[PDB]
$ cat model_17.txt   # compact mmCIF, N, CA and C atoms
# COMPACT_ATOMS: atom_id res chain seq x y z
N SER A 1 52.81 -5.81 43.61
CA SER A 1 52.79 -4.35 43.30
C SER A 1 52.98 -3.53 44.58
N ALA A 2 53.42 -2.28 44.44
CA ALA A 2 53.52 -1.33 45.57
C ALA A 2 52.13 -0.92 46.10
N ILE A 3 52.08 -0.53 47.38
CA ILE A 3 50.79 -0.11 47.96
C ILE A 3 50.81 1.33 48.46
N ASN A 4 50.08 2.19 47.75
CA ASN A 4 49.99 3.60 48.10
C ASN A 4 49.21 3.75 49.39
N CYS A 5 49.62 4.72 50.20
CA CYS A 5 48.88 5.09 51.37
C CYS A 5 48.64 6.59 51.32
N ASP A 6 47.97 7.03 50.27
CA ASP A 6 47.70 8.44 50.08
C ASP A 6 46.28 8.79 50.52
N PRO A 7 46.13 9.71 51.51
CA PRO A 7 44.80 10.19 51.94
C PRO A 7 44.04 10.94 50.85
N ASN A 8 44.76 11.65 49.98
CA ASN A 8 44.15 12.44 48.90
C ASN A 8 44.03 11.70 47.58
N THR A 9 43.97 10.38 47.62
CA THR A 9 44.00 9.64 46.39
C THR A 9 42.63 9.50 45.69
N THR A 10 42.66 9.42 44.35
CA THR A 10 41.51 9.08 43.47
C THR A 10 41.27 7.58 43.41
N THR A 11 42.34 6.81 43.59
CA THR A 11 42.30 5.36 43.42
C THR A 11 42.03 4.65 44.75
N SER A 12 40.81 4.16 44.94
CA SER A 12 40.39 3.46 46.17
C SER A 12 40.86 2.01 46.18
N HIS A 13 40.70 1.33 47.31
CA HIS A 13 41.15 -0.03 47.43
C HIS A 13 39.96 -0.92 47.64
N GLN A 14 39.86 -1.99 46.86
CA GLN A 14 38.72 -2.92 46.94
C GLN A 14 39.04 -3.95 47.98
N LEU A 15 38.07 -4.33 48.80
CA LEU A 15 38.37 -5.37 49.77
C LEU A 15 37.24 -6.35 49.92
N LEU A 16 37.57 -7.61 49.63
CA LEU A 16 36.68 -8.75 49.83
C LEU A 16 36.65 -9.16 51.28
N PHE A 17 35.45 -9.45 51.77
CA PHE A 17 35.23 -10.06 53.08
C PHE A 17 34.31 -11.25 52.89
N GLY A 18 33.98 -11.95 53.96
CA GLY A 18 33.04 -13.07 53.86
C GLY A 18 31.60 -12.59 53.74
N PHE A 19 30.78 -13.29 52.96
CA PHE A 19 29.34 -12.99 52.92
C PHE A 19 28.74 -12.97 54.31
N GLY A 20 27.79 -12.07 54.53
CA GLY A 20 27.14 -11.96 55.84
C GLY A 20 27.86 -11.11 56.87
N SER A 21 29.06 -10.64 56.54
CA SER A 21 29.77 -9.71 57.41
C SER A 21 28.93 -8.46 57.63
N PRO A 22 29.09 -7.81 58.79
CA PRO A 22 28.60 -6.45 58.94
C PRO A 22 29.46 -5.53 58.09
N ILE A 23 28.97 -4.32 57.83
CA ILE A 23 29.77 -3.36 57.08
C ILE A 23 31.03 -3.20 57.89
N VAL A 24 32.18 -3.49 57.27
CA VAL A 24 33.45 -3.24 57.96
C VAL A 24 33.96 -1.83 57.72
N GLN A 25 34.15 -1.14 58.84
CA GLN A 25 34.45 0.27 58.85
C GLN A 25 35.90 0.57 58.50
N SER A 26 36.83 -0.15 59.11
CA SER A 26 38.25 0.13 58.95
C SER A 26 39.09 -1.15 58.93
N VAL A 27 40.10 -1.17 58.05
CA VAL A 27 41.09 -2.25 58.05
C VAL A 27 42.50 -1.69 58.11
N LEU A 28 43.42 -2.52 58.60
CA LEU A 28 44.82 -2.23 58.48
C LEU A 28 45.33 -3.11 57.35
N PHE A 29 45.83 -2.47 56.30
CA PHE A 29 46.34 -3.18 55.14
C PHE A 29 47.84 -2.99 54.98
N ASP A 30 48.60 -4.01 55.40
CA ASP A 30 50.05 -4.03 55.25
C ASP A 30 50.64 -2.66 55.58
N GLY A 31 50.38 -2.21 56.80
CA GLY A 31 50.92 -0.93 57.24
C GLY A 31 49.92 0.20 57.16
N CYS A 32 49.23 0.29 56.02
CA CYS A 32 48.29 1.38 55.76
C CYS A 32 46.99 1.15 56.49
N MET A 33 46.36 2.23 56.95
CA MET A 33 45.08 2.14 57.62
C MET A 33 44.00 2.72 56.78
N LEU A 34 43.08 1.86 56.35
CA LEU A 34 42.02 2.24 55.43
C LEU A 34 40.65 2.39 56.11
N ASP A 35 39.90 3.41 55.68
CA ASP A 35 38.51 3.62 56.10
C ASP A 35 37.58 3.47 54.92
N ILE A 36 36.41 2.89 55.16
CA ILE A 36 35.39 2.62 54.15
C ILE A 36 34.95 3.91 53.45
N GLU A 37 34.86 3.86 52.13
CA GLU A 37 34.30 5.01 51.41
C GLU A 37 32.83 5.18 51.74
N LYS A 38 32.35 6.42 51.72
CA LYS A 38 30.90 6.62 51.74
C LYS A 38 30.34 7.35 50.51
N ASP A 39 29.11 6.97 50.20
CA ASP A 39 28.36 7.43 49.05
C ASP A 39 27.45 8.58 49.44
N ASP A 40 26.74 9.18 48.48
CA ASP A 40 25.62 10.06 48.84
C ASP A 40 24.38 9.25 49.26
N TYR A 41 24.51 7.92 49.28
CA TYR A 41 23.46 7.02 49.75
C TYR A 41 23.85 6.19 50.97
N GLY A 42 25.14 6.03 51.24
CA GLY A 42 25.55 5.22 52.37
C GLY A 42 26.99 4.80 52.24
N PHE A 43 27.30 3.58 52.66
CA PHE A 43 28.66 3.08 52.56
C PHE A 43 28.89 2.34 51.25
N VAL A 44 30.01 2.61 50.59
CA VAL A 44 30.23 1.93 49.33
C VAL A 44 30.56 0.47 49.62
N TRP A 45 29.53 -0.37 49.67
CA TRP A 45 29.64 -1.69 50.29
C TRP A 45 28.58 -2.63 49.85
N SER A 46 28.96 -3.85 49.54
CA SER A 46 28.07 -4.71 48.80
C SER A 46 28.23 -6.18 49.11
N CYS A 47 27.16 -6.81 49.60
CA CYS A 47 27.15 -8.25 49.81
C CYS A 47 26.29 -8.92 48.77
N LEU A 48 26.79 -10.03 48.24
CA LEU A 48 26.14 -10.77 47.16
C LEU A 48 26.26 -12.28 47.35
N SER A 49 25.21 -12.99 46.98
CA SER A 49 25.21 -14.43 47.10
C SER A 49 24.42 -15.02 45.95
N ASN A 50 25.00 -15.99 45.25
CA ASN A 50 24.20 -16.82 44.34
C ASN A 50 24.78 -18.22 44.14
N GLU A 51 24.19 -19.03 43.26
CA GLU A 51 24.70 -20.38 42.97
C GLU A 51 26.19 -20.40 42.72
N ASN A 52 26.71 -19.34 42.11
CA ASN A 52 28.08 -19.36 41.65
C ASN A 52 29.10 -19.02 42.74
N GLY A 53 28.76 -18.07 43.60
CA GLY A 53 29.51 -17.84 44.82
C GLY A 53 28.81 -16.79 45.64
N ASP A 54 29.49 -16.34 46.70
CA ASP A 54 29.01 -15.27 47.58
C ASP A 54 30.18 -14.50 48.18
N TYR A 55 29.92 -13.27 48.61
CA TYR A 55 30.97 -12.44 49.18
C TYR A 55 30.42 -11.11 49.75
N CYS A 56 31.27 -10.37 50.47
CA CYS A 56 31.02 -8.95 50.73
C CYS A 56 32.17 -8.08 50.21
N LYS A 57 31.87 -6.88 49.74
CA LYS A 57 32.93 -6.05 49.16
C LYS A 57 32.73 -4.58 49.45
N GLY A 58 33.83 -3.91 49.77
CA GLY A 58 33.82 -2.49 50.04
C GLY A 58 34.96 -1.79 49.34
N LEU A 59 34.80 -0.47 49.17
CA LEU A 59 35.86 0.41 48.72
C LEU A 59 36.37 1.20 49.90
N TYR A 60 37.69 1.28 49.96
CA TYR A 60 38.37 1.84 51.12
C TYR A 60 39.38 2.88 50.66
N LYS A 61 39.50 3.94 51.46
CA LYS A 61 40.54 4.96 51.31
C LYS A 61 41.34 5.11 52.61
N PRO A 62 42.60 5.53 52.51
CA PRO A 62 43.43 5.67 53.72
C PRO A 62 43.12 6.94 54.50
N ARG A 63 43.11 6.86 55.83
CA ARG A 63 42.77 8.04 56.63
C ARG A 63 43.96 8.96 56.75
N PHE A 64 43.71 10.25 57.00
CA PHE A 64 44.77 11.26 57.13
C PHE A 64 45.86 10.71 58.02
N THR A 65 45.46 10.18 59.18
CA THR A 65 46.43 9.77 60.22
C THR A 65 46.74 8.25 60.20
N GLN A 66 48.02 7.91 60.32
CA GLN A 66 48.52 6.52 60.21
C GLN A 66 49.61 6.19 61.26
N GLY A 67 50.18 4.99 61.19
CA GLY A 67 51.24 4.58 62.11
C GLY A 67 50.72 3.91 63.37
N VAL A 68 49.53 4.33 63.81
CA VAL A 68 48.79 3.66 64.89
C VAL A 68 48.44 2.25 64.44
N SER A 69 49.00 1.26 65.13
CA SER A 69 48.73 -0.14 64.83
C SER A 69 47.92 -0.79 65.96
N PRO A 70 46.57 -0.66 65.92
CA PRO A 70 45.70 -1.14 67.02
C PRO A 70 45.62 -2.67 67.09
N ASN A 71 44.91 -3.17 68.09
CA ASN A 71 44.84 -4.61 68.30
C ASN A 71 43.51 -5.18 67.86
N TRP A 72 43.42 -5.55 66.59
CA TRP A 72 42.20 -6.14 66.02
C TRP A 72 42.42 -7.55 65.56
N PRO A 73 41.33 -8.25 65.21
CA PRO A 73 41.45 -9.59 64.62
C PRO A 73 41.76 -9.56 63.12
N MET A 74 41.98 -10.73 62.54
CA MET A 74 42.09 -10.88 61.10
C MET A 74 40.74 -10.67 60.49
N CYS A 75 40.71 -9.93 59.39
CA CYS A 75 39.53 -9.91 58.54
C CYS A 75 39.24 -11.33 58.05
N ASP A 76 37.97 -11.71 58.10
CA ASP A 76 37.57 -13.03 57.66
C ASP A 76 37.06 -12.93 56.23
N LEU A 77 37.70 -13.66 55.32
CA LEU A 77 37.31 -13.62 53.90
C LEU A 77 36.14 -14.56 53.54
N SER A 78 35.81 -15.49 54.42
CA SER A 78 34.62 -16.32 54.19
C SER A 78 33.60 -16.40 55.34
N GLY A 79 33.91 -15.81 56.50
CA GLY A 79 32.95 -15.65 57.60
C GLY A 79 32.54 -14.21 57.91
N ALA A 80 32.08 -13.96 59.13
CA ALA A 80 31.57 -12.65 59.51
C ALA A 80 32.63 -11.55 59.63
N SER A 81 33.83 -11.89 60.06
CA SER A 81 34.93 -10.93 59.93
C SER A 81 35.09 -9.85 61.03
N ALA A 82 34.02 -9.12 61.35
CA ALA A 82 34.06 -8.04 62.38
C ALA A 82 34.30 -6.68 61.76
N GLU A 83 33.98 -5.62 62.50
CA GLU A 83 33.88 -4.28 61.91
C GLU A 83 35.19 -3.55 61.59
N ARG A 84 36.20 -3.80 62.41
CA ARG A 84 37.52 -3.23 62.25
C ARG A 84 38.46 -4.41 62.32
N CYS A 85 39.26 -4.62 61.28
CA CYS A 85 40.16 -5.76 61.31
C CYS A 85 41.44 -5.53 60.55
N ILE A 86 42.29 -6.53 60.58
CA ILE A 86 43.55 -6.48 59.88
C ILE A 86 43.37 -7.43 58.73
N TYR A 87 43.69 -6.95 57.54
CA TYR A 87 43.56 -7.73 56.32
C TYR A 87 44.73 -8.69 56.12
N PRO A 88 44.48 -9.92 55.64
CA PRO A 88 45.63 -10.76 55.28
C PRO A 88 46.20 -10.38 53.92
N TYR A 89 47.49 -10.09 53.86
CA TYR A 89 48.14 -9.57 52.67
C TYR A 89 49.34 -10.44 52.33
N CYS A 90 49.14 -11.45 51.50
CA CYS A 90 50.25 -12.29 51.04
C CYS A 90 51.24 -11.56 50.11
N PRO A 91 52.52 -11.44 50.52
CA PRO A 91 53.49 -10.76 49.66
C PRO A 91 53.97 -11.63 48.48
N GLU A 92 54.09 -11.00 47.31
CA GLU A 92 54.43 -11.69 46.04
C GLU A 92 55.56 -12.71 46.19
N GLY A 93 55.19 -13.97 46.39
CA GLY A 93 56.12 -15.07 46.66
C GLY A 93 55.91 -15.67 48.04
N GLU A 94 54.80 -16.39 48.24
CA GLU A 94 54.50 -16.99 49.55
C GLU A 94 53.14 -17.67 49.63
N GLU A 95 53.01 -18.59 50.59
CA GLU A 95 51.75 -19.29 50.83
C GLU A 95 50.65 -18.37 51.37
N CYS A 96 50.70 -18.12 52.69
CA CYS A 96 49.81 -17.18 53.40
C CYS A 96 48.35 -17.63 53.70
N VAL A 97 48.22 -18.77 54.37
CA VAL A 97 46.96 -19.12 55.00
C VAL A 97 47.10 -18.85 56.51
N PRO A 98 46.14 -18.09 57.09
CA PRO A 98 46.19 -17.64 58.49
C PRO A 98 46.38 -18.78 59.48
$ encode --input "model_17.txt" --output "structure tokens"
Amino acid sequence: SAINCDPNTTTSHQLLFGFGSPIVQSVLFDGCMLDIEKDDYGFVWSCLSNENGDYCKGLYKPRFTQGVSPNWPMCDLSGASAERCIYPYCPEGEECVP
């Protein structure tokens, strides 16, 4: 599917990280630069673990300003990951293990 990079959007982007990650503030998603949504209680962000699996998850929106491609690591989908990272985005038709 296409990926919107609209700052004024209603439709946020969900992002899985590894359980135990710190709250990740910003990611670069296939060109677009996303910042974590915030609630009237905090960051829209959730880590969960049980017998069946574990993960961390946040909702992200794109920031007004883009095109800046900084030097961060890969977001880790099963480890700690780090606070600002680049998300792995496999394009429709490909393997894509880091």
$ atom_distance --input "model_17.txt" --atom1 "atom C of residue 43 of chain A" --atom2 "atom N of residue 83 of chain A"
14.7 Å
$ residues_around --input "model_17.txt" --residues "segment 10-24 of chain A" --least-positions-apart "6" --cutoff "12 Å" --atoms "only C-alpha atoms" --output "VMD selection string"
chain A and resid 3 to 4 32 to 38 42 to 50 53 to 63 74 to 89
$ write_last_selection --input "model_17.txt" --atoms "N, CA and C atoms" --output "CSV table (one decimal), in the frame of the given file"
chain,number,residue,atom,x,y,z
A,3,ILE,N,52.1,-0.5,47.4
A,3,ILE,CA,50.8,-0.1,48.0
A,3,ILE,C,50.8,1.3,48.5
A,4,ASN,N,50.1,2.2,47.8
A,4,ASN,CA,50.0,3.6,48.1
A,4,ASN,C,49.2,3.8,49.4
A,32,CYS,N,49.2,0.3,56.0
A,32,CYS,CA,48.3,1.4,55.8
A,32,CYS,C,47.0,1.2,56.5
A,33,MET,N,46.4,2.2,57.0
A,33,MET,CA,45.1,2.1,57.6
A,33,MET,C,44.0,2.7,56.8
A,34,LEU,N,43.1,1.9,56.4
A,34,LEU,CA,42.0,2.2,55.4
A,34,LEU,C,40.6,2.4,56.1
A,35,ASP,N,39.9,3.4,55.7
A,35,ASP,CA,38.5,3.6,56.1
A,35,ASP,C,37.6,3.5,54.9
A,36,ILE,N,36.4,2.9,55.2
A,36,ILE,CA,35.4,2.6,54.2
A,36,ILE,C,35.0,3.9,53.4
A,37,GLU,N,34.9,3.9,52.1
A,37,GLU,CA,34.3,5.0,51.4
A,37,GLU,C,32.8,5.2,51.7
A,38,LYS,N,32.4,6.4,51.7
A,38,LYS,CA,30.9,6.6,51.7
A,38,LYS,C,30.3,7.4,50.5
A,42,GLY,N,25.1,6.0,51.2
A,42,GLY,CA,25.6,5.2,52.4
A,42,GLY,C,27.0,4.8,52.2
A,43,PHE,N,27.3,3.6,52.7
A,43,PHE,CA,28.7,3.1,52.6
A,43,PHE,C,28.9,2.3,51.2
A,44,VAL,N,30.0,2.6,50.6
A,44,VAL,CA,30.2,1.9,49.3
A,44,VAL,C,30.6,0.5,49.6
A,45,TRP,N,29.5,-0.4,49.7
A,45,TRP,CA,29.6,-1.7,50.3
A,45,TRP,C,28.6,-2.6,49.8
A,46,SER,N,29.0,-3.8,49.5
A,46,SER,CA,28.1,-4.7,48.8
A,46,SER,C,28.2,-6.2,49.1
A,47,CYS,N,27.2,-6.8,49.6
A,47,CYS,CA,27.2,-8.2,49.8
A,47,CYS,C,26.3,-8.9,48.8
A,48,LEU,N,26.8,-10.0,48.2
A,48,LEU,CA,26.1,-10.8,47.2
A,48,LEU,C,26.3,-12.3,47.4
A,49,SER,N,25.2,-13.0,47.0
A,49,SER,CA,25.2,-14.4,47.1
A,49,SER,C,24.4,-15.0,46.0
A,50,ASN,N,25.0,-16.0,45.2
A,50,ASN,CA,24.2,-16.8,44.3
A,50,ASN,C,24.8,-18.2,44.1
A,53,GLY,N,28.8,-18.1,43.6
A,53,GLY,CA,29.5,-17.8,44.8
A,53,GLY,C,28.8,-16.8,45.6
A,54,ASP,N,29.5,-16.3,46.7
A,54,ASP,CA,29.0,-15.3,47.6
A,54,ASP,C,30.2,-14.5,48.2
A,55,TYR,N,29.9,-13.3,48.6
A,55,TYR,CA,31.0,-12.4,49.2
A,55,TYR,C,30.4,-11.1,49.8
A,56,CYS,N,31.3,-10.4,50.5
A,56,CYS,CA,31.0,-9.0,50.7
A,56,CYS,C,32.2,-8.1,50.2
A,57,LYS,N,31.9,-6.9,49.7
A,57,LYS,CA,32.9,-6.0,49.2
A,57,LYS,C,32.7,-4.6,49.4
A,58,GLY,N,33.8,-3.9,49.8
A,58,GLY,CA,33.8,-2.5,50.0
A,58,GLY,C,35.0,-1.8,49.3
A,59,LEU,N,34.8,-0.5,49.2
A,59,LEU,CA,35.9,0.4,48.7
A,59,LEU,C,36.4,1.2,49.9
A,60,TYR,N,37.7,1.3,50.0
A,60,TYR,CA,38.4,1.8,51.1
A,60,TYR,C,39.4,2.9,50.7
A,61,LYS,N,39.5,3.9,51.5
A,61,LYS,CA,40.5,5.0,51.3
A,61,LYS,C,41.3,5.1,52.6
A,62,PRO,N,42.6,5.5,52.5
A,62,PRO,CA,43.4,5.7,53.7
A,62,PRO,C,43.1,6.9,54.5
A,63,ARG,N,43.1,6.9,55.8
A,63,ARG,CA,42.8,8.0,56.6
A,63,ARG,C,44.0,9.0,56.8
A,74,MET,N,42.0,-10.7,62.5
A,74,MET,CA,42.1,-10.9,61.1
A,74,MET,C,40.7,-10.7,60.5
A,75,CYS,N,40.7,-9.9,59.4
A,75,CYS,CA,39.5,-9.9,58.5
A,75,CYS,C,39.2,-11.3,58.0
A,76,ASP,N,38.0,-11.7,58.1
A,76,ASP,CA,37.6,-13.0,57.7
A,76,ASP,C,37.1,-12.9,56.2
A,77,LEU,N,37.7,-13.7,55.3
A,77,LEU,CA,37.3,-13.6,53.9
A,77,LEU,C,36.1,-14.6,53.5
A,78,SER,N,35.8,-15.5,54.4
A,78,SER,CA,34.6,-16.3,54.2
A,78,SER,C,33.6,-16.4,55.3
A,79,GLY,N,33.9,-15.8,56.5
A,79,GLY,CA,33.0,-15.6,57.6
A,79,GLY,C,32.5,-14.2,57.9
A,80,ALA,N,32.1,-14.0,59.1
A,80,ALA,CA,31.6,-12.6,59.5
A,80,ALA,C,32.6,-11.6,59.6
A,81,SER,N,33.8,-11.9,60.1
A,81,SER,CA,34.9,-10.9,59.9
A,81,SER,C,35.1,-9.8,61.0
A,82,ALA,N,34.0,-9.1,61.4
A,82,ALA,CA,34.1,-8.0,62.4
A,82,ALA,C,34.3,-6.7,61.8
A,83,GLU,N,34.0,-5.6,62.5
A,83,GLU,CA,33.9,-4.3,61.9
A,83,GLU,C,35.2,-3.6,61.6
A,84,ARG,N,36.2,-3.8,62.4
A,84,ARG,CA,37.5,-3.2,62.2
A,84,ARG,C,38.5,-4.4,62.3
A,85,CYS,N,39.3,-4.6,61.3
A,85,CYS,CA,40.2,-5.8,61.3
A,85,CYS,C,41.4,-5.5,60.6
A,86,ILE,N,42.3,-6.5,60.6
A,86,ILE,CA,43.6,-6.5,59.9
A,86,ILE,C,43.4,-7.4,58.7
A,87,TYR,N,43.7,-7.0,57.5
A,87,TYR,CA,43.6,-7.7,56.3
A,87,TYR,C,44.7,-8.7,56.1
A,88,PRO,N,44.5,-9.9,55.6
A,88,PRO,CA,45.6,-10.8,55.3
A,88,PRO,C,46.2,-10.4,53.9
A,89,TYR,N,47.5,-10.1,53.9
A,89,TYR,CA,48.1,-9.6,52.7
A,89,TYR,C,49.3,-10.4,52.3
$ atom_distance --input "model_17.txt" --atom1 "atom C of residue 29 of chain A" --atom2 "atom N of residue 64 of chain A"
14.0 Å
$ atom_distance --input "model_17.txt" --atom1 "atom CA of residue 66 of chain A" --atom2 "atom CA of residue 2 of chain A"
17.3 Å
$ axis_aligned_box --input "model_17.txt" --around "segment 62-74 of chain A" --padding-each-side "4 Å" --output "AutoDock Vina command-line options"
--center_x 46.0 --center_y 0.2 --center_z 60.4 --size_x 18.5 --size_y 30.1 --size_z 23.8
$ select_by_dssp --input "model_17.txt" --residues "segment 8-83 of chain A" --states "strand (DSSP E)" --output "ChimeraX atom specification"
/A:13-17,26-29,32-36,45-49,54-62
$ write_last_selection --input "model_17.txt" --atoms "N, CA and C atoms" --output "mmCIF file, in the frame of the given file"
data_model
loop_
_atom_site.group_PDB
_atom_site.id
_atom_site.type_symbol
_atom_site.label_atom_id
_atom_site.label_comp_id
_atom_site.auth_asym_id
_atom_site.auth_seq_id
_atom_site.Cartn_x
_atom_site.Cartn_y
_atom_site.Cartn_z
ATOM 1 N N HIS A 13 40.700 1.330 47.310
ATOM 2 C CA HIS A 13 41.150 -0.030 47.430
ATOM 3 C C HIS A 13 39.960 -0.920 47.640
ATOM 4 N N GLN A 14 39.860 -1.990 46.860
ATOM 5 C CA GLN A 14 38.720 -2.920 46.940
ATOM 6 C C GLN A 14 39.040 -3.950 47.980
ATOM 7 N N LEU A 15 38.070 -4.330 48.800
ATOM 8 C CA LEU A 15 38.370 -5.370 49.770
ATOM 9 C C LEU A 15 37.240 -6.350 49.920
ATOM 10 N N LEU A 16 37.570 -7.610 49.630
ATOM 11 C CA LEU A 16 36.680 -8.750 49.830
ATOM 12 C C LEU A 16 36.650 -9.160 51.280
ATOM 13 N N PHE A 17 35.450 -9.450 51.770
ATOM 14 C CA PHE A 17 35.230 -10.060 53.080
ATOM 15 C C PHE A 17 34.310 -11.250 52.890
ATOM 16 N N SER A 26 36.830 -0.150 59.110
ATOM 17 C CA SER A 26 38.250 0.130 58.950
ATOM 18 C C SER A 26 39.090 -1.150 58.930
ATOM 19 N N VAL A 27 40.100 -1.170 58.050
ATOM 20 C CA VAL A 27 41.090 -2.250 58.050
ATOM 21 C C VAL A 27 42.500 -1.690 58.110
ATOM 22 N N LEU A 28 43.420 -2.520 58.600
ATOM 23 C CA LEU A 28 44.820 -2.230 58.480
ATOM 24 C C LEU A 28 45.330 -3.110 57.350
ATOM 25 N N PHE A 29 45.830 -2.470 56.300
ATOM 26 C CA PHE A 29 46.340 -3.180 55.140
ATOM 27 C C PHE A 29 47.840 -2.990 54.980
ATOM 28 N N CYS A 32 49.230 0.290 56.020
ATOM 29 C CA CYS A 32 48.290 1.380 55.760
ATOM 30 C C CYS A 32 46.990 1.150 56.490
ATOM 31 N N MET A 33 46.360 2.230 56.950
ATOM 32 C CA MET A 33 45.080 2.140 57.620
ATOM 33 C C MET A 33 44.000 2.720 56.780
ATOM 34 N N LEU A 34 43.080 1.860 56.350
ATOM 35 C CA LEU A 34 42.020 2.240 55.430
ATOM 36 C C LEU A 34 40.650 2.390 56.110
ATOM 37 N N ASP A 35 39.900 3.410 55.680
ATOM 38 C CA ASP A 35 38.510 3.620 56.100
ATOM 39 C C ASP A 35 37.580 3.470 54.920
ATOM 40 N N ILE A 36 36.410 2.890 55.160
ATOM 41 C CA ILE A 36 35.390 2.620 54.150
ATOM 42 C C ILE A 36 34.950 3.910 53.450
ATOM 43 N N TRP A 45 29.530 -0.370 49.670
ATOM 44 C CA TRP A 45 29.640 -1.690 50.290
ATOM 45 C C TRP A 45 28.580 -2.630 49.850
ATOM 46 N N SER A 46 28.960 -3.850 49.540
ATOM 47 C CA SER A 46 28.070 -4.710 48.800
ATOM 48 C C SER A 46 28.230 -6.180 49.110
ATOM 49 N N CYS A 47 27.160 -6.810 49.600
ATOM 50 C CA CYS A 47 27.150 -8.250 49.810
ATOM 51 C C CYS A 47 26.290 -8.920 48.770
ATOM 52 N N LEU A 48 26.790 -10.030 48.240
ATOM 53 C CA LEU A 48 26.140 -10.770 47.160
ATOM 54 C C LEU A 48 26.260 -12.280 47.350
ATOM 55 N N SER A 49 25.210 -12.990 46.980
ATOM 56 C CA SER A 49 25.210 -14.430 47.100
ATOM 57 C C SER A 49 24.420 -15.020 45.950
ATOM 58 N N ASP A 54 29.490 -16.340 46.700
ATOM 59 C CA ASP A 54 29.010 -15.270 47.580
ATOM 60 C C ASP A 54 30.180 -14.500 48.180
ATOM 61 N N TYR A 55 29.920 -13.270 48.610
ATOM 62 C CA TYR A 55 30.970 -12.440 49.180
ATOM 63 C C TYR A 55 30.420 -11.110 49.750
ATOM 64 N N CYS A 56 31.270 -10.370 50.470
ATOM 65 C CA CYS A 56 31.020 -8.950 50.730
ATOM 66 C C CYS A 56 32.170 -8.080 50.210
ATOM 67 N N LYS A 57 31.870 -6.880 49.740
ATOM 68 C CA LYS A 57 32.930 -6.050 49.160
ATOM 69 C C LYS A 57 32.730 -4.580 49.450
ATOM 70 N N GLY A 58 33.830 -3.910 49.770
ATOM 71 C CA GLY A 58 33.820 -2.490 50.040
ATOM 72 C C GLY A 58 34.960 -1.790 49.340
ATOM 73 N N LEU A 59 34.800 -0.470 49.170
ATOM 74 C CA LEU A 59 35.860 0.410 48.720
ATOM 75 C C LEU A 59 36.370 1.200 49.900
ATOM 76 N N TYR A 60 37.690 1.280 49.960
ATOM 77 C CA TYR A 60 38.370 1.840 51.120
ATOM 78 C C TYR A 60 39.380 2.880 50.660
ATOM 79 N N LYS A 61 39.500 3.940 51.460
ATOM 80 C CA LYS A 61 40.540 4.960 51.310
ATOM 81 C C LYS A 61 41.340 5.110 52.610
ATOM 82 N N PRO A 62 42.600 5.530 52.510
ATOM 83 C CA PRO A 62 43.430 5.670 53.720
ATOM 84 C C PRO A 62 43.120 6.940 54.500
#
$ decode --input "model_17.txt" --residues "segment 39-76 of chain A" --atoms "C-alpha atoms" --output "CSV table (one decimal), in the first residue's frame"
chain,number,residue,atom,x,y,z
A,39,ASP,CA,-2.2,11.4,25.1
A,40,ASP,CA,-3.8,13.6,27.9
A,41,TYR,CA,-2.0,11.0,30.1
A,42,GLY,CA,1.3,10.5,28.4
A,43,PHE,CA,2.7,8.8,25.3
A,44,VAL,CA,0.4,6.6,23.3
A,45,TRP,CA,2.6,3.6,23.9
A,46,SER,CA,2.2,0.2,25.2
A,47,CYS,CA,4.4,-2.8,26.2
A,48,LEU,CA,2.9,-6.2,26.8
A,49,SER,CA,4.2,-9.6,27.7
A,50,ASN,CA,2.5,-13.0,28.3
A,51,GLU,CA,2.7,-16.7,27.6
A,52,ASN,CA,1.4,-16.1,24.0
A,53,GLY,CA,3.9,-13.4,23.1
A,54,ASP,CA,5.4,-10.0,24.0
A,55,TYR,CA,6.0,-6.6,22.3
A,56,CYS,CA,6.0,-2.8,22.5
A,57,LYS,CA,3.7,-0.6,20.4
A,58,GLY,CA,3.2,3.1,19.7
A,59,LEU,CA,1.1,5.4,17.6
A,60,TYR,CA,3.0,7.8,15.4
A,61,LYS,CA,2.2,10.8,13.3
A,62,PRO,CA,4.5,12.6,10.8
A,63,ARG,CA,6.1,15.9,11.9
A,64,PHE,CA,5.6,19.2,10.0
A,65,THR,CA,9.2,19.1,8.8
A,66,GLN,CA,10.7,16.2,6.7
A,67,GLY,CA,13.5,15.4,4.2
A,68,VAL,CA,16.1,15.4,7.0
A,69,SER,CA,17.5,11.9,7.0
A,70,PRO,CA,19.6,11.6,10.3
A,71,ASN,CA,22.0,8.9,11.2
A,72,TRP,CA,20.2,6.4,13.5
A,73,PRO,CA,20.2,2.7,14.0
A,74,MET,CA,17.5,0.1,12.9
A,75,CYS,CA,14.5,-0.1,15.1
A,76,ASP,CA,14.7,-3.5,16.9
